[PDB]
Amino acid sequence: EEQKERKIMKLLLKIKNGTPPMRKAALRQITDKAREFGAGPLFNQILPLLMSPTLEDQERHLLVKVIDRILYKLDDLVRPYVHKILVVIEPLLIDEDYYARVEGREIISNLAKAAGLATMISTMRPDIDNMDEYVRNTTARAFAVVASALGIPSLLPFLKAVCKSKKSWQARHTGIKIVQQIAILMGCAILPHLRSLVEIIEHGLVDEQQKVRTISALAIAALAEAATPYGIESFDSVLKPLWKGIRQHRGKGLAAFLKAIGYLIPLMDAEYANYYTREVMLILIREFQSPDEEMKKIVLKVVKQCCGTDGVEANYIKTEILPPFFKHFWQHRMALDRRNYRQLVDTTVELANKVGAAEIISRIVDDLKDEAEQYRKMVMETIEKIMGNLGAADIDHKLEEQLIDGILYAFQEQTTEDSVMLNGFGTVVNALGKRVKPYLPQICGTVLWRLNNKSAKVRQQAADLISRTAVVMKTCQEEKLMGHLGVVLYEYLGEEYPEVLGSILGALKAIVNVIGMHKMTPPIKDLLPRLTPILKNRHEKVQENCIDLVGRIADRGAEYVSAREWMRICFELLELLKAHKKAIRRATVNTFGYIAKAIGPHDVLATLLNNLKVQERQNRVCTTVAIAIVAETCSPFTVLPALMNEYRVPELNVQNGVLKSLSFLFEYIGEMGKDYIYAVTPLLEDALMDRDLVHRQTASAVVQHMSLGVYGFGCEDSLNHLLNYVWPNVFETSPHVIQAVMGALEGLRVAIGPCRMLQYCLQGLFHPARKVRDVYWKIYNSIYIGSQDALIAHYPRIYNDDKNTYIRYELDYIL
Amino acid sequence: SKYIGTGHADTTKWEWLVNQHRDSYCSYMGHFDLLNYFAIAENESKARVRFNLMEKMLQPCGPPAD
Amino acid sequence: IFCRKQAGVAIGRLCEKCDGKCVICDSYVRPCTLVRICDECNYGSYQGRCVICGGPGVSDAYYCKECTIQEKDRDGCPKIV
Amino acid sequence: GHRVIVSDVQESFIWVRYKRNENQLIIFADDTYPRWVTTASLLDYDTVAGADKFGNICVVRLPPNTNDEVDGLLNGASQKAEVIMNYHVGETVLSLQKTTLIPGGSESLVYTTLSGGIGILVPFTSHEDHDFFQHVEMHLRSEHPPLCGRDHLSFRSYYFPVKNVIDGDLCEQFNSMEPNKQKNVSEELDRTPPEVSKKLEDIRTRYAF
Amino acid sequence: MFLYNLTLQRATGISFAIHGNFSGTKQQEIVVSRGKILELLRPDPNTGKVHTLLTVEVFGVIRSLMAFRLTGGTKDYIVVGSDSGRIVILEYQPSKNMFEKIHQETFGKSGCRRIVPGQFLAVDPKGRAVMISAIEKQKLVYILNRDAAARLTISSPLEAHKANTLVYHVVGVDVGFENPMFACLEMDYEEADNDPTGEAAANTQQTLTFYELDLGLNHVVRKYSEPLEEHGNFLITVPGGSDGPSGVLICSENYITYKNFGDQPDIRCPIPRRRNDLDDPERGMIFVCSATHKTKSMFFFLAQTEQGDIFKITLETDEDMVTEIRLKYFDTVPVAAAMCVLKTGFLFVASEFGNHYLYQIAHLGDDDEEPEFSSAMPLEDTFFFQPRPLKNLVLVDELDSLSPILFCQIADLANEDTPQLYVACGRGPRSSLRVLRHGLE
Amino acid sequence: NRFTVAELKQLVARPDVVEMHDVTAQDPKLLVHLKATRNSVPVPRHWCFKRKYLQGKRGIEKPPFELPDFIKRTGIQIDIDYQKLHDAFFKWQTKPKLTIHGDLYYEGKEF
RNA sequence: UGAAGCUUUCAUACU
RNA sequence: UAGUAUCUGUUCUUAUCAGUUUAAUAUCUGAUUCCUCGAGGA
Ligand SMILES: CO[C@@]1(C)C[C@@](C)(O)[C@H](O)[C@@H](/C=C\C(C)=C\C[C@H]2O[C@@H](C)[C@H](NC(=O)/C=C\[C@@H](C)OC(C)=O)C[C@@H]2C)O1
Ligand SMILES: [Zn+2]
Ligand SMILES: [Zn+2]
Ligand SMILES: [Zn+2]
């Protein structure tokens with residue numbers, strides 16, 4: 001029966017729309033089934049499903065893996081179908097999807113390994129001489145894949161034969177293209193075969209056909225690019241023809257030869273690199289005036305590549321290269337040309353990285369004032385890149401004056417709010433530093449004019465500039481009209497746009513975070529009451545900046561505000577600890593710490609205990625976090641007595657709250673807890689003796705956090721004492737209690753050591769009851785997976801019996 | 001269960017003891033100064049002690065029961 | 001529920017929802033060691049996704065200090081399946 | 001003079017008293033850990049320094065009051081001894097001796113190793129030096145991690161957790177860091193690198209060379 | 001009581017030793033491993049002194065140390081496998097005089113464990129792959145590459161696990177820019193745990209397994225596996241490609257075998273014995289270390305027995321096939337843990353205990369009358385030779401080493417005021433009592 | 001084909017650690033040997049109890065957890081002294097009655 | 001002196 | 001929302017062995033005309 005095997009090899013649907021377990025099961029079984037099914041039916045059905053027009057990506061991946069596995073087994077039976085498979089999968093190699101290309105190359109590789117080299121060559125040879133250019137490309141890529149799979153020396157004879165063919169130029173072209181695709185695909189793995197490939201393809205540079213010469217030059221360029229920074233004694237028979245050709249050719253072939261020269265030059269020594277550069281340089285200078293916007297890109301790439309070597313020195317560059325470069329490439333025509341714009345910027349930056357920043361920066365800085373703003377943005381980009389890569393050591397009085405005037409005029413002449421002018425202004429002022437004293441009045445006037453009005457998109461950019469430049473602004477003992485700016489920023493506190501309000505708050509914070517409260521002219525007592533209603537705003541930037549500002553005020557100017565308002569502000573901040581953005585929570589923690597450090601722990605702790613007594617779950621958790629924060633900023637010696645006095649209250653759900661607070665407190669303070677373990681030990685004893693399940697579960701959680709908090713600090717006495725009370729709970733059936741007990745045991749494994757844990761497990765490891773054995777082997781496996789190595793020194797001695805030897809004799813040696 | 005050397009409620013004495021003998025021999029091979037101690041104690045080259053431990057790795061504690 | 005296949009070079013990510021809490025013990029205090037994930041969990045369309053909720057990742061996933069102390073960072077790819 | 005200390009091959013230490021008039025040897029104390037003791041050294045009337053086959057050094061001290069006069073609770077002796085020090089060295093120690101190395105110096109505990117190494121353990125005399133060196137070790141554990149990927153605190157806790165020892169071989173690696181990290185470390189201790197270097201050299205020249 | 005630990009004199013015992021161009025120049029350096037200390041040495045080719053350049057405490061247990069170099073590079077790297085669950089790659093910086101960590105790859109839990117890799121470390125001779133292995137089922141392979149800035153890139157590991165398997169030794173095989181190969185001495189103990197009679201424990205053989213890494217398909221496959229005649233210790237990489245055949249040398253009890261996959265038969269040579277030996281006749285003979293010296297004209301090996309006898313091993317070859325193994329007695333030096341043969345003609349001997357030695361290889365070639373043993377020679381019965389004083393080597397330098405220290409007493413037994421250290425150290429007939437004094441001589 | 005209590009008591013070096021159920025184990029000789037190791041606290045003793053763990057008696061009435069002597073001397077029950085709270089907490093710190101590693105806690109052990 | 005387990009139609013509390 | 005805990009109610013011949021199972025019980029599965037005041041029990 002024929003459709004017998006078809007109906008049973010619907011295994012591929014078993015896999016396609018199927019579960020992962022049956023996926024792998026059907027995979028293995030169809031792998032065992034392949035040799036008997038036969039390649040005929042298998043491929044006859046799978047290649048349509050792989051040719052499906054709307055198949056998925058991972059369905060394709062699984063199909064490719066199926067092909068790989070069914071191809072490995074049936075090795076020499078795939079020959080009569082190879083051709084067919086290729087016509088299906090010789091595409092997918094020029095596909096715009098990268099993973100499609102990877103999958104096609106993997107399929108062709110496994111096919112070439114399954115079949116032989118002679119079969120692949122015999123099926124692929126007729127399409128070598130085809131006239132359709134679409135076939136000669138897939139053929140070359142497939143030959144490259146076969147060479148990568150079966151090796152280069154296995155294909156070297158066919159290559160040497162095909163590009164010597166006197167029958168047609170198409171075969172020679174396709175052979176050289178095969179060498180080029182091999183280089184492109186394999187990269188730096190061609191280095192042992194570089195000379196073989198070069199001698200195979202070298203005779204094409206002097207062919208009578210112009211297409212053969214071009215493809216030979218492209219193949220040489222590909223090999224030289226794959227070989228870099230090695231490979232140069234293999235490129236020796238090409239130096240004479242390539243340079244004679246750049247001296248005689250003109251056009252497309254000249255461009256190919258020049259690309260080859262440019263990829264070959266960085267492989268030479270100083271002599272040859274220096275000597276060869278002169279020749280190609282006179283040719284390139286001549287070619288500076290040719291037409292195609294491809295030629296300009298190639299010329300720029302070659303200039304950048306050659307000017308980055310050691311054989312070329314700054315003297316020759318500034319003497320011969322810079323005048324024509326800056327005369328021919330720096331015009332706004334280059335600016336509206338979006339294709340080569342980035343190339344020009346990178347080439348200019350990498351030129352300045354060798355010749356020196358001053359010359360480049362001058363030659364383009366005179367051009368910062370221009371009628372076209374595209375040419376302005378280009379110069380600004382190049383200038384700030386050079387400045388960031390080199391800094392500005394060589395700025396002169398004249399150059400400093402020109403820079404400042406130019407950046408000021410560029411700031412005001414701005415249509416749309418851009419980050420380019422902002423970053424340029426910022427980095428220029430930050431690199432000048434304490435040197436810009438009078439342009440500080442000038443810049444302050446400019447930012448005052450920009451911040452005064454105009455739609456708040458200019459105002460928020462001015463606020464960003466203030467935020468990023470206030471350091472150097474005050475760095476020169478000029479704050480005063482600093483206060484003039486702060487007054488205006490204060491008046492700009494009612495804004496309907498939250499984005500502009502964020503920048504305003506950032507600028508105000510950057511100011512006050514460097515302006516002393518004594519001399520911060522707006523009285524702190526007036527500001528803060530204007531500031532406290534903004535804390536209820538719902539924008540994230542506004543909230544974060546407001547909290548940071550109130551925190552700074554409470555940290556430094558605590559004296560002016562009458563307390564009570566600080567208490568209200570902290571009680572309001574309590575609700576921000578649940579914020580779903582880490583930033584908000586981080587700033588809230590910081591500000592709460594500052595306010596607690598300011599007003600004192602006593603009153604806030606009393607209020608926090610009252611709040612912990614009466615509220616719902618989330619607010620009580622936030623109160624616990626707040627108590628831990630207060631106890632960390634003001635030493636826990638100020639919080640622990642008042643918290644332990646609250647445990648003396650006779651009510652349930654009251655002691656459990658105290659236990660949850662102690663748990664989170666120890667987890668939050670970590671190492672600081674080493675001085676407070678003796679104080680909470682009797683309470684944990686009592687709770688461990690408490691009948692309530694939560695009391696023991698929470699006490700176990702406390703033990704775990706305390707154990708992992710103190711580690712390496714010598715607190716083993718109390719921890720062993722507490723283990724003596726934790727251990728009897730191992731026979732507990734409730735899942736939460738036993739989970740907490742396991743957590744506490746694994747914390748004590750770290751704090752107390754694995755030797756004690758093994759000592760607690762030894763007598764139960766082999767108990768007669770299966771319950772005891774289950775529990776003890778779970779604990780033992782947990783102890784064994786962590787610190788398997790230490791247990792070597794702790795195992796007890798076990799005596800030999802009649803049948804087996806159990807003593808470890810090496811440890812009994814005595815030197 | 002996937003880790004070699006773990007046990008369960010049906011583990012016997014023999015499996016436990018051969019597991020600890022095997023990882024004892026591996027620990028001896030790993031630590032440089034334990035092998036020094038043994039090679040000084042029994043007056044052998046360290047390569048010989050290593051080879052002896054590897055040979056003992058196969059059947060420590062004798063063949064199993066029944 | 002954990003993938004736990006030996007990992008590699010792909011860096012685990014977290015979404016905006018839980019950014020900054022451990023993937024093992026889901027904790028809110030002190031991150032320590034960068035999370036590495038298996039190659040299969042980062043293959044294809046899965047790159048850069050949250051190691052908890054497969055959604056878009058905005059920050060690097062971390063093991064907390066307590067997990068690295070207990071060597072819970074050496075147990076394999078912690079992507080939740 | 002009065003007591004006898006016994007080292008077991010697998011148990012750590014047994015305390016015995018000889019009754020001169022009754023002609024009796026009575027065990028009155030033991031330890032709660034198995035130790036493969038290689039050598040032992042008496043530090044005073046109540047304390048013993050021990051070494052191990054696995055490369056550890058430990059100090060054990062008898063509890064206050066005790067009895068002295070004796071005529072099991074863990075299948076052992078009735079009274080137990082406390083472990084006050086644990087350290088992993090990394091090499092097997094075979095010699096321990098309390099002595100003064102330089103003329104006009106202080107007493108230290110000199111140990112010797114099977115790989116040919118020589119080292120000392122010296123006591124701190126003030127809390128300020130101890131705290132400063134503890135902070136140096138803490139900050140150098142993070143910003144200068146071991147070269148082959150090991151955790152420093154986990155290595156010194158190989159078989160038992162560290163107890164009351166500062167690794168001065170990690171601390172003296174401060175003098176071989178780069179100046180930027182030396183400044184980052186020193187500015188947290190509220191100090192300059194030369195002061196930290198001088199403080200490191202002081203404790204070494206106080207005891208050893 | 002709070003204690004501060006200080007080291008007065010570092011360890012001087014050597015565990016592993018590698019050689020190479022670690023500074024990038026043409027001179028050669030040696031990297032030795034103490035237990036927890038890494039150290040770079042440079043022997044002077046003008047005076048024969050060995051100088052210490054750098055020594056770093058690593059705070060771990062070094063278990064395997066290899067050197068490798070990428071194609072086209074002039075600098076050697078250092079691969080370290082330790083008791084952590086990480087593989088590390090290091091680079092020496094001569095201008096800063098420090099070790100710079102290049103790569104770190106984590107694969108398991110820390111400690112000297114049964115199934116976590118770190119005990120065995122092999123590298124491809126061309127430098128494109130490295131294998132880290134445990135004593136048990138787990139093995140991992142990393143592919144090493146290079147970017148356009150000539151920096152080293154590492155890939156994600158490939159697994160080659162195999163349950164119920166013990167590994168004796170792993171080496172990389174030298175192929176001619178073909179797929180990387182690794183050879184392993186393996187033993188399966190599954191059958192021995194199920195037979196209560198104890199007959200499956202015996203009748204169990206070592207296998208020589210070959211692992212092929214297919215860089216085109218990105219997976220590791222078991223290609224060949226053959227049972228051996230008797231149990232062997234470490235393996236030796238034979239230089240292949242265009243200079244030599246591509247196989248392995250298996251060192252065993254009383255024998256040395258050459259093996260290669262394909263049509264190559266097995267070639268065995270028995271190890272010669274000393275004439276009129278005074279040792280117990282029941283004892284066998286194994287090799288303890290080896291050293292390869294490759295030259296652009298020929299290659300040979302240097303293997304040392306437990307008695308301290310170095311033999312010079314050469315290989316008689318055909319176009320592709322090996323026909324004979326020839327052994328010739330070379331010299332007698334103390335039993336070494338590692339041997340390094342250096343260009344410019346120096347042999348470095350790091351002993352298991354006591355002082356280390358640097359020798360000048362005085363006599364190149366072999367123009368001598370002493371017999372040369374061969375695998376082609378028939379013997380029903382073993383070869384015999386006569387040990388003699390040094391003829392091929394000259395002692396140039398001797399590095400002091402206190403390992404192993406067995407007993408110490410600090411006391412003023414002379415009538416100085418400073419106490420001296422009296423140290424009973426050493427083992428066998430090379431033991432001694434050493435008096436140490438603080439000062440210079 | 002299983003030992004009796006008196007028969008197994010005759011084989012072991014330490015008969016007083018043998019118990020009722022010890023003869024019903026899969027390997028009683030290893031069990032009794034591990035029960036005699038010179039360490040290794042025993043099992044929590046309530047594995048065979050059907051009343052689970054803790055609970056049992058609600059008769060006893062317990063007063064609020066008494067504060068430590070120094071903390072109760074701090075006079076917490078308005079002018080508050082911080083230095084007194086600090087100096088007193090550190091300088092007045094005392095060590096509570098700790099217990100040995102062997103010792104274990106049971107439901108009736110608090111009376 | 002003591003041993004208070006198991007179940008549901010209860011009913012009442014906490015997550 | 002649906003999980004746990006606490007009160008109330010119920011809670012299974014002072015008649016004998018074997019088997020499954022249990023640490024051991026427990027559970028489950030099978031076997032072993034007379035008296036009293038038209039009635040009840042054995
Ligand atoms: C509802 O969504 C969930 C439950 C799931 C989620 C992962 O998808 C989501 O991202 C996540 C986010 C919000 C919440 C509530 C989770 C984490 C946060 O919770 C908060 C409620 C705690 N509050 C505290 O931490 C207490 C103190 C503060 C200030 O911190 C610190 C470090 O002192 C802990 C944690 C910081 O919560
Ligand atoms: Zn994964
Ligand atoms: Zn997510
Ligand atoms: Zn965690």
# chains A, B, ... in the order shown; residues from 1 in each chain; ligands from 1
>>> residues_near_ligand(ligand="ligand 3", cutoff="8 Å", atoms="only C-alpha atoms (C1' of nucleotides) and all ligand atoms", output="PDB file with N, CA, C and O atoms, in the first residue's frame")
ATOM      1  N   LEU C  14      13.384  42.294  32.051  1.00  0.00           N
ATOM      2  CA  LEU C  14      12.163  42.439  32.829  1.00  0.00           C
ATOM      3  C   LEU C  14      11.289  43.509  32.196  1.00  0.00           C
ATOM      4  O   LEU C  14      11.788  44.450  31.577  1.00  0.00           O
ATOM      5  N   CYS C  15       9.979  43.377  32.381  1.00  0.00           N
ATOM      6  CA  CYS C  15       9.061  44.365  31.847  1.00  0.00           C
ATOM      7  C   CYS C  15       8.916  45.528  32.821  1.00  0.00           C
ATOM      8  O   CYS C  15       9.492  45.532  33.910  1.00  0.00           O
ATOM      9  N   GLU C  16       8.158  46.551  32.405  1.00  0.00           N
ATOM     10  CA  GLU C  16       7.993  47.749  33.223  1.00  0.00           C
ATOM     11  C   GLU C  16       7.209  47.466  34.502  1.00  0.00           C
ATOM     12  O   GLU C  16       7.339  48.207  35.482  1.00  0.00           O
ATOM     13  N   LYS C  17       6.337  46.488  34.381  1.00  0.00           N
ATOM     14  CA  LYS C  17       5.497  46.112  35.530  1.00  0.00           C
ATOM     15  C   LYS C  17       6.435  45.673  36.662  1.00  0.00           C
ATOM     16  O   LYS C  17       6.483  46.347  37.709  1.00  0.00           O
ATOM     17  N   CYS C  18       7.127  44.546  36.501  1.00  0.00           N
ATOM     18  CA  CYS C  18       8.073  44.211  37.584  1.00  0.00           C
ATOM     19  C   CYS C  18       9.495  44.484  37.094  1.00  0.00           C
ATOM     20  O   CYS C  18      10.127  43.657  36.387  1.00  0.00           O
ATOM     21  N   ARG C  49      12.640  39.855  25.624  1.00  0.00           N
ATOM     22  CA  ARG C  49      11.347  39.840  26.287  1.00  0.00           C
ATOM     23  C   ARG C  49      11.497  39.557  27.775  1.00  0.00           C
ATOM     24  O   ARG C  49      12.525  39.056  28.235  1.00  0.00           O
ATOM     25  N   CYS C  50      10.462  39.947  28.525  1.00  0.00           N
ATOM     26  CA  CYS C  50      10.430  39.777  29.974  1.00  0.00           C
ATOM     27  C   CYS C  50      10.548  38.309  30.361  1.00  0.00           C
ATOM     28  O   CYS C  50       9.866  37.450  29.796  1.00  0.00           O
ATOM     29  N   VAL C  51      11.425  38.019  31.329  1.00  0.00           N
ATOM     30  CA  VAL C  51      11.620  36.643  31.780  1.00  0.00           C
ATOM     31  C   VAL C  51      10.510  36.127  32.680  1.00  0.00           C
ATOM     32  O   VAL C  51      10.581  34.973  33.114  1.00  0.00           O
ATOM     33  N   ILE C  52       9.482  36.923  32.960  1.00  0.00           N
ATOM     34  CA  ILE C  52       8.364  36.498  33.788  1.00  0.00           C
ATOM     35  C   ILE C  52       7.074  36.395  32.985  1.00  0.00           C
ATOM     36  O   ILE C  52       6.326  35.426  33.135  1.00  0.00           O
ATOM     37  N   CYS C  53       6.757  37.482  32.249  1.00  0.00           N
ATOM     38  CA  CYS C  53       5.524  37.652  31.413  1.00  0.00           C
ATOM     39  C   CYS C  53       5.791  37.897  29.923  1.00  0.00           C
ATOM     40  O   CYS C  53       5.010  38.659  29.386  1.00  0.00           O
ATOM     41  N   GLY C  54       6.896  37.372  29.347  1.00  0.00           N
ATOM     42  CA  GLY C  54       7.094  37.338  27.915  1.00  0.00           C
ATOM     43  C   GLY C  54       6.757  38.624  27.197  1.00  0.00           C
ATOM     44  O   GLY C  54       6.828  38.659  25.962  1.00  0.00           O
ATOM     45  N   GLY C  55       6.392  39.677  27.923  1.00  0.00           N
ATOM     46  CA  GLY C  55       6.106  40.960  27.332  1.00  0.00           C
ATOM     47  C   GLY C  55       7.378  41.715  27.011  1.00  0.00           C
ATOM     48  O   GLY C  55       8.482  41.174  27.112  1.00  0.00           O
ATOM     49  N   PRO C  56       7.243  42.971  26.581  1.00  0.00           N
ATOM     50  CA  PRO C  56       8.424  43.767  26.215  1.00  0.00           C
ATOM     51  C   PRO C  56       9.311  44.035  27.423  1.00  0.00           C
ATOM     52  O   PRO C  56       8.829  44.388  28.501  1.00  0.00           O
ATOM     53  N   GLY C  57      10.617  43.865  27.234  1.00  0.00           N
ATOM     54  CA  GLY C  57      11.578  44.092  28.297  1.00  0.00           C
ATOM     55  C   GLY C  57      12.173  45.486  28.221  1.00  0.00           C
ATOM     56  O   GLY C  57      12.568  45.951  27.151  1.00  0.00           O
TER      57      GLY C  57
END
>>> interface_residues(of="chain F", to="chain B", cutoff="10 Å", atoms="only C-alpha atoms", output="count of residues only")
3
>>> residues_near_ligand(ligand="ligand 2", cutoff="12 Å", atoms="only C-alpha atoms (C1' of nucleotides) and all ligand atoms", output="ChimeraX atom specification")
/C:1-12,35-43,46-47,49,51-52,54,75-81
>>> write_last_selection(atoms="N, CA and C atoms", output="compact mmCIF listing (two decimals), in the first residue's frame")
# COMPACT_ATOMS: atom_id res chain seq x y z
N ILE C 1 7.91 24.94 36.47
CA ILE C 1 7.46 26.17 35.84
C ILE C 1 8.64 26.98 35.33
N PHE C 2 9.84 26.59 35.74
CA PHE C 2 11.07 27.22 35.29
C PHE C 2 11.65 26.42 34.14
N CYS C 3 12.22 27.12 33.16
CA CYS C 3 12.82 26.46 32.00
C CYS C 3 13.99 25.57 32.41
N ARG C 4 14.95 26.17 33.11
CA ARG C 4 16.13 25.52 33.68
C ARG C 4 16.79 24.57 32.72
N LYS C 5 17.32 25.12 31.64
CA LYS C 5 18.27 24.42 30.75
C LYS C 5 19.55 25.26 30.83
N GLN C 6 20.72 24.64 30.72
CA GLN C 6 21.95 25.46 30.89
C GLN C 6 21.95 26.51 29.78
N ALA C 7 22.25 27.72 30.24
CA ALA C 7 22.11 29.01 29.60
C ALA C 7 23.26 29.31 28.67
N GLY C 8 23.69 30.57 28.74
CA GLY C 8 24.67 31.18 27.85
C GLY C 8 24.64 32.70 27.99
N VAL C 9 25.03 33.35 26.92
CA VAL C 9 25.27 34.79 26.74
C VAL C 9 24.00 35.65 26.68
N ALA C 10 22.81 35.15 26.41
CA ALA C 10 21.68 36.06 26.35
C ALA C 10 21.35 36.61 27.73
N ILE C 11 21.08 37.90 27.78
CA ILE C 11 20.80 38.61 29.03
C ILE C 11 19.30 38.68 29.26
N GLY C 12 18.84 38.16 30.39
CA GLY C 12 17.43 38.21 30.71
C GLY C 12 16.94 39.62 30.95
N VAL C 35 21.07 38.36 35.22
CA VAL C 35 20.43 37.11 34.81
C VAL C 35 20.84 36.71 33.40
N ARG C 36 21.24 35.45 33.23
CA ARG C 36 21.50 34.85 31.93
C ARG C 36 20.40 33.83 31.66
N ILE C 37 19.99 33.70 30.40
CA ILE C 37 18.92 32.78 30.01
C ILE C 37 19.43 31.89 28.90
N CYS C 38 18.74 30.76 28.70
CA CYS C 38 19.08 29.82 27.64
C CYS C 38 18.91 30.46 26.26
N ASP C 39 19.50 29.82 25.26
CA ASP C 39 19.44 30.36 23.91
C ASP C 39 18.07 30.17 23.28
N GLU C 40 17.40 29.04 23.57
CA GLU C 40 16.06 28.81 23.05
C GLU C 40 15.06 29.84 23.55
N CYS C 41 15.19 30.28 24.81
CA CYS C 41 14.27 31.29 25.33
C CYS C 41 14.52 32.68 24.78
N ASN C 42 15.62 32.88 24.05
CA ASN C 42 15.96 34.19 23.49
C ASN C 42 15.99 34.12 21.97
N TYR C 43 15.57 33.01 21.40
CA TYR C 43 15.69 32.79 19.97
C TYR C 43 14.55 33.49 19.25
N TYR C 46 11.55 36.03 20.55
CA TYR C 46 11.67 36.03 22.00
C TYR C 46 12.79 36.92 22.55
N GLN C 47 13.61 37.54 21.71
CA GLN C 47 14.77 38.29 22.20
C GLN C 47 14.32 39.55 22.93
N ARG C 49 12.64 39.86 25.62
CA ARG C 49 11.35 39.84 26.29
C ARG C 49 11.50 39.56 27.77
N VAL C 51 11.42 38.02 31.33
CA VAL C 51 11.62 36.64 31.78
C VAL C 51 10.51 36.13 32.68
N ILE C 52 9.48 36.92 32.96
CA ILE C 52 8.36 36.50 33.79
C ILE C 52 7.07 36.39 32.99
N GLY C 54 6.90 37.37 29.35
CA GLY C 54 7.09 37.34 27.92
C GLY C 54 6.76 38.62 27.20
N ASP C 75 21.43 27.62 38.79
CA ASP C 75 20.50 26.52 38.62
C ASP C 75 19.93 26.42 37.21
N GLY C 76 20.28 27.33 36.32
CA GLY C 76 19.79 27.30 34.96
C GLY C 76 18.86 28.46 34.66
N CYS C 77 18.47 28.53 33.38
CA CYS C 77 17.63 29.57 32.80
C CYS C 77 16.34 29.75 33.60
N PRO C 78 16.10 30.93 34.18
CA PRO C 78 14.91 31.12 35.02
C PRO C 78 13.69 31.65 34.28
N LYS C 79 13.66 31.52 32.96
CA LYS C 79 12.48 31.92 32.20
C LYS C 79 11.28 31.04 32.55
N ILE C 80 10.17 31.67 32.91
CA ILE C 80 9.00 30.93 33.37
C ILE C 80 8.24 30.43 32.14
N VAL C 81 8.00 29.13 32.09
CA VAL C 81 7.26 28.55 30.97
C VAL C 81 5.85 28.22 31.41
>>> atom_distance(atom1="atom CA of residue 123 of chain A", atom2="atom CA of residue 87 of chain A")
10.7 Å
>>> atom_distance(atom1="atom CA of residue 51 of chain D", atom2="atom CA of residue 82 of chain E")
24.4 Å
>>> residues_around(residues="residue 23 of chain H", least_positions_apart="4", cutoff="9 Å", atoms="only C-alpha atoms (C1' of nucleotides)", output="PyMOL selection string")
(chain A and resi 768-770) or (chain F and resi 20-22+24-25+48)
>>> interface_residues(of="chain E", to="chain D", cutoff="8 Å", atoms="only C-alpha atoms", output="PyMOL selection string")
chain E and resi 1-13+35-36+57-61+80-88+101+104+110+401-410+417-419
>>> residues_near_ligand(ligand="ligand 4", cutoff="7 Å", atoms="only C-alpha atoms (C1' of nucleotides) and all ligand atoms", output="PDB file with C-alpha atoms, in the first residue's frame")
ATOM      1  CA  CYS C  22      14.027  39.055  41.863  1.00  0.00           C
ATOM      2  CA  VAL C  23      12.924  36.374  39.376  1.00  0.00           C
ATOM      3  CA  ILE C  24      13.562  33.541  41.848  1.00  0.00           C
ATOM      4  CA  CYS C  25      12.262  34.783  45.206  1.00  0.00           C
ATOM      5  CA  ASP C  26      10.333  37.835  43.857  1.00  0.00           C
ATOM      6  CA  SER C  27      11.976  40.345  46.280  1.00  0.00           C
ATOM      7  CA  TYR C  63      18.978  37.864  40.950  1.00  0.00           C
ATOM      8  CA  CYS C  64      18.664  39.350  44.421  1.00  0.00           C
ATOM      9  CA  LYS C  65      21.564  39.346  46.869  1.00  0.00           C
ATOM     10  CA  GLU C  66      19.995  36.535  48.929  1.00  0.00           C
ATOM     11  CA  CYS C  67      19.676  34.298  45.861  1.00  0.00           C
TER      12      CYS C  67
END
